[PDB]
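**Q** Take this structure, written in structure tokens, and hold onto it; I'll ask about it next.
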Amino acid sequence: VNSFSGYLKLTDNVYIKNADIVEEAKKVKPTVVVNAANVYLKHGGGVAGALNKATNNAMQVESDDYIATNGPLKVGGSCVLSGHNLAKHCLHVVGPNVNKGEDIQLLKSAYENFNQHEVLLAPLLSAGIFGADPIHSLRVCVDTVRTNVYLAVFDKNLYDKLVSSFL
Ligand SMILES: N#C[C@@]1(c2ccc3c(N)ncnn23)O[C@H](COP(=O)(O)OP(=O)(O)OC[C@H]2O[C@@H](O)[C@H](O)[C@@H]2O)[C@@H](O)[C@H]1O
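Add 1024 to the 1-based position in the sequence shown for UniProt numbering, that's all there is to it.
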């Protein structure tokens, strides 16, 4: 459980690896995997779609029940649902959609949700379909999260760019 290997250490508590988050989940057996979600938990073409496909759509069905019962999340908020076959829990976190003009300051609130869990496998929030500057997302993570976060960045071009400017 929580057996993370091959990650580069960025700070005392933040680590990064060039990998698919789904493949990492199957190897590391994490207590918590983080999804980069929207307020409707409608799992689209990035990390959310990859995680969902790996559960054979069970994540989406559970998400449909959560949303019908509780209504949409707020931007910067989160909820904990099952991790199905990938993890004990999935922490669904909503970063701001910068492509739709949502406030970038909400990325700090988004990463604050990680602080409620001792160890997480996670993606870089808002850095794909939501269009935020990935260098900013990584630095906000580093400056906000105090628990142990292992970031899986599937895009090798981006991984190399983040590592080169960070170290
Ligand atoms: N690298 C990388 C990626 C990425 C893509 C696929 C994978 C993978 N299999 N393993 C690891 N990483 N990874 O991880 C980052 C997050 O990008 P992502 O688009 O998921 O999140 P976001 O918060 O921007 O947008 C939320 C909306 O996207 C809908 O999926 C969802 O339902 C919401 O509507 C980007 O750098 C992205 O290139």
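We put the beta carbon where it would ideally sit given N, CA and C, even for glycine.
Between the alpha carbons of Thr-1079 and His-1067, how many angstroms are there, rounded?
**A** When rounded, the separation of the alpha-carbon atoms in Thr-1079 and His-1067 is 12 Å.
**Q** Relative to the alpha-carbon of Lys-1077, which residue among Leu-1110, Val-1056, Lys-1132, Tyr-1064 has its alpha-carbon at the smallest distance?
**A** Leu-1110
**Q** So, under 8 Å CB-CB, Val-1122 and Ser-1102 are touching, yes? Tell me the CB distance rounded to an integer number of Å.
**A** With a Cβ gap of about 18 Å, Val-1122 and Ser-1102 do not count as contacting.
**Q** For a test of your reading of the model: does the CB of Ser-1188 fall under 7 Å from any non-hydrogen atom of ligand 1? Yes or no.
**A** Closer than 7 Å to some heavy atom of ligand 1: that does not describe the Cβ of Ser-1188.
**Q** Give every residue of the same chain whose Cβ lies closer than 6 Å to the Cβ of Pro-1096, excluding the five residues on either side of it in the sequence, and list them in chain order.
**A** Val-1063, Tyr-1064
**Q** For ligand 1, is there any heavy atom lying closer than 7 Å to the beta carbon of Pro-1054?
**A** no
**Q** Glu-1048: buried (16+ other C-beta within 10 angstroms of its C-beta) or exposed?
**A** Under a 10 Å Cβ-count criterion, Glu-1048 is classified as buried, with 16 or more other Cβ atoms of the shown protein chains found around its own Cβ.
**Q** Does the count of Cβ pairs from the stretch 1160-1174 and the stretch 1080-1093 closer than 8 Å reach three?
**A** no
**Q** Just curious, the beta strand (DSSP E) that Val-1056 is in, first and last residue?
**A** 1056-1061
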